[PDB]
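Q: Please read through the structure below; I'll follow up with questions.
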Amino acid sequence: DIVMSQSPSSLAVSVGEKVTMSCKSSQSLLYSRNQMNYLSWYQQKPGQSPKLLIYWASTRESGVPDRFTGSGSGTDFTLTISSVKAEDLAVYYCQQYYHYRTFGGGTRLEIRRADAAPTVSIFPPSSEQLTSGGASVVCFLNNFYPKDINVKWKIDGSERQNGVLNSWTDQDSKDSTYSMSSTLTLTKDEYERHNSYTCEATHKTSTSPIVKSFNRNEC
Amino acid sequence: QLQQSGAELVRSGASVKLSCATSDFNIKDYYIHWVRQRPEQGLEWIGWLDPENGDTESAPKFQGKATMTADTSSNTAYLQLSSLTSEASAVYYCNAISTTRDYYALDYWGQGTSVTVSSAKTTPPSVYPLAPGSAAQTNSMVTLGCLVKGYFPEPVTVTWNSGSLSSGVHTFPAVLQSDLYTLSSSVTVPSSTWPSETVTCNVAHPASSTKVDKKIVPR
């Protein structure tokens, strides 16, 4: 059984820069009476199926930009991208097909871009959900960078750190920003018990917390 | 272009039958490989099948636990996984490879099949429209959302206006809370387009043949 290891586990680079990631196998992938390296590189963009980029260590698959270059022999291999495009965002894997087939742990490529403050939106519960005894308050924080962000909920001034669901989207292939959803679920009764609801966010992009809120009273 | 069967929910200890078909070529001119990806996990090779003669091979890990067969009549490939455990919950891909054709290796991938191994029952989701609160029109851009709550298992598909609205759309990864999935999606359109024009989010939950269309109407 051949083990594959890749480094870095992840890195971030800005558009236009060159990038190099390596792959190591515990055993040589160079077949003696053949002179071929049984290694391949795959790329997997978020939500998509993986795609073959390189095989035989250096043969580029047709339809693969010349930006990608595969080198190495034996136990050491590298994948290089001359000028990174925002569309190159994805996880890269190397696979050995010498003895069975095994994939390395993969290298995650992120894109570095200019900082961007998030656009925040808060939503009261649906009249339909309330008619069912539930009450979920939602807050969206879209198109921001870097990914690091702090969100806290407040109800009538009191913060709530229990019953909050948060989800981050993968970096956007177009603008390279991140978006996030934060849902606070309560019972209709607890919801009808209070008046003010607040979604408060802290991002390095501002020295002041971005706040959004509403009062159940209004319509 | 490869077509795979739909999401499957199977009971622990049961078995599953996965299909991979095509009509854009004879599956006899290819080798069929199955690959799986567990949540927040890397790629894992399972085995290959030569439709041409029925020859197959499985990774040690899947020995005598994964039957692979083919029906070249309907140009379909199958993969049977027996005595499934919770660990087998993942996204299964089929990959059709060929190098005997042209000076370049032919590489095709399926879209993937989500297999969830659990003792829980399928649960259709509740779709709630998220309209802005009174204060959200005195601006230029407006954000709307749909909350897809309490479903099982993954995945769900969400579109807006049947795909006519894609720019400005953000669909957040589902979060698991109390053995049920919750996911949300947002779309931002010009304040001049909504509410003047109708915005609808469409939700489909394969596992339960559930189809929902929920129009976003102002409060």
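Those protein sequences? They're chains B and A, same order as listed. So for the first sequence, the deposited numbering puts the first residue at 1; every next one is plus one. So for the second sequence, the deposited numbering puts the first residue at 3; every next one is plus one. All residues carry an ideal CB built from backbone N, CA and C; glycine is no exception.
Spatial neighbours of B:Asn215 within its chain, please: C-beta separation below 8 Å, excluding the five flanking residues on both sides.
A: So the list reads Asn195, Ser196, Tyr197, once near-sequence residues are dropped.
Q: Considering A:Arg38, what are the terminal residues of the beta strand (DSSP E) in which it resides?
A: Secondary structure note for A:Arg38: its beta strand (DSSP E) is the uninterrupted segment 33–39.
Q: Using the three-state DSSP reduction, which class does B:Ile54 fall into: helix, strand or coil?
A: strand
Q: For chain B, is any of its Cβ atoms less than 7 Å away from the one on A:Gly135?
A: So, interface residue.
Q: At 8 Å on the CB atoms, spell out the chain B contacts of A:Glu46, in chain order.
A: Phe103
Q: Looking at chain A, is there any beta carbon in it that lies within less than 7 Å of the beta carbon of B:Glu190?
A: no
Q: For residue 257 of chain B, which of helix, strand or coil comes out of DSSP?
A: Outside the modelled stretch of chain B, which goes from 1 to 219, sits residue 257 of chain B, for which no answer is possible.
Q: For A:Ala61, decide whether its Cβ has a neighbour in chain B, counting only Cβ atoms nearer than 7 Å.
A: It does: the Cβ of A:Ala61 has a partner Cβ on chain B nearer than 7 Å.
Q: What are the boundary residues of the beta strand (DSSP E) that B:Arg112 is part of?
A: Where B:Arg112 is concerned, the enclosing beta strand (DSSP E) stretches over 107–112.
Q: What do you get for B:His203, buried or exposed, if any count of 16 or more other CB atoms within 10 angstroms of its CB means buried?
A: buried
Q: Of all the CB atoms in chain B, is at least one closer than 7 Å to the CB of A:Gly114?
A: Yes, contact with chain B.
Q: Please list the partners that B:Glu87 has in chain A, where partner means a Cβ-to-Cβ separation under 7 Å.
A: Listed along chain A, no residue sits closer than 7 Å to B:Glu87 by beta-carbon distance, the nearest being about 16 Å off.
Q: By how many angstroms is the C-alpha of B:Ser58 removed from the C-alpha of B:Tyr31?
A: 15 Å
Q: Report the residue from A:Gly114, A:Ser84, A:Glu46, A:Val160 whose alpha carbon sits nearest the alpha carbon of B:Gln96.
A: A:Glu46
Q: Please classify A:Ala209: does DSSP put it in a helix, a strand, or coil?
A: In the structure shown, A:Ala209 falls within a helical segment according to DSSP collapsed to helix, strand and coil.
Q: Using the C-alpha atoms, what's the distance from A:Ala133 back to A:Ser60?
A: 52 Å
Q: Establish whether the CB of A:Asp52 and some CB of chain B are separated by less than 7 Å.
A: no
Q: For chain B, is any of its Cβ atoms less than 7 Å away from the one on A:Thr125?
A: no
Q: Which residues of the stretch 97–111 of chain A have a Cβ closer than 7 Å to any Cβ of chain B? Give them in chain order.
A: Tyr106, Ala107, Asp109, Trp111
Q: Ignoring anything shorter than 4 residues, give me the alpha helix (DSSP H) runs that lie fully in the stretch 146–221 of chain A, in order along the chain.
A: none
Q: For the alpha helix (DSSP H) that contains B:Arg193, what are its first and last residues?
A: 188–193
Q: Let me make sure I understand the geometry here. Which of A:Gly15, A:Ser164, A:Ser193, A:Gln5 has the alpha-carbon closest to that of A:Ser88?
A: Among A:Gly15, A:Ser164, A:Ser193, A:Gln5, the Cα nearest to that of A:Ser88 belongs to A:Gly15.
Q: Which value, in whole angstroms, describes the spacing of the CA atoms of A:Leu11 and A:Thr140?
A: Spanning the two alpha carbons is a distance of roughly 47 Å.
Q: Can you check the stretch 74–124 of chain B for any beta strand (DSSP E) of at least 3 residues that lies completely inside it and give the ranges in chain order?
A: 76–81, 90–96, 107–112, 119–123
Q: Using only CA atoms, which one of A:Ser85, A:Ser75, A:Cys22 lies nearest to A:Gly66?
A: A:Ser85
Q: So with Cβ pairs under 7 Å, would you call B:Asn162 a contact of chain A?
A: no
Q: Would you call A:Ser142 buried or exposed, if buried means 16 or more other Cβ atoms sit within 10 Å of its Cβ?
A: exposed
Q: Grab the span of the beta strand (DSSP E) containing residue 1 of chain A for me, first residue to last.
A: With chain A covering 3 to 221 only, the question about residue 1 of chain A has no answer from this structure.
Q: By Cβ distance below 7 Å, which residues in the same chain neighbour B:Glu159 in space, the five residues on each side in sequence not counted?
A: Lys152, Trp153
Q: Tell me, which residues are paired with A:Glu10 by DSSP?
A: Answer is A:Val117, bridged to A:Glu10.
Q: Using three-state DSSP, classify B:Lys147 as helix, strand or coil.
A: coil
Q: So the candidates are A:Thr124, A:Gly147, A:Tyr110; which of them puts its Cα closest to the Cα of A:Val219?
A: A:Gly147
Q: Thinking A:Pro157 and A:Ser120 are a contact (beta carbons under 8 Å), I'd like their distance in whole angstroms, please.
A: So it is not a contact: roughly 14 Å between Cβ atoms.
Q: Along chain B, in chain order, which residues have C-beta atoms closer than 7 Å to that of A:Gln179?
A: By Cβ distance, chain B contributes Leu165.
Q: Does A:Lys67 come out as helix, strand or coil in the three-state DSSP assignment?
A: DSSP places A:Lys67 in coil when its eight states are reduced to three.
Q: Per DSSP, what are the beta-bridge partners of B:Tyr31 in this structure?
A: B:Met36
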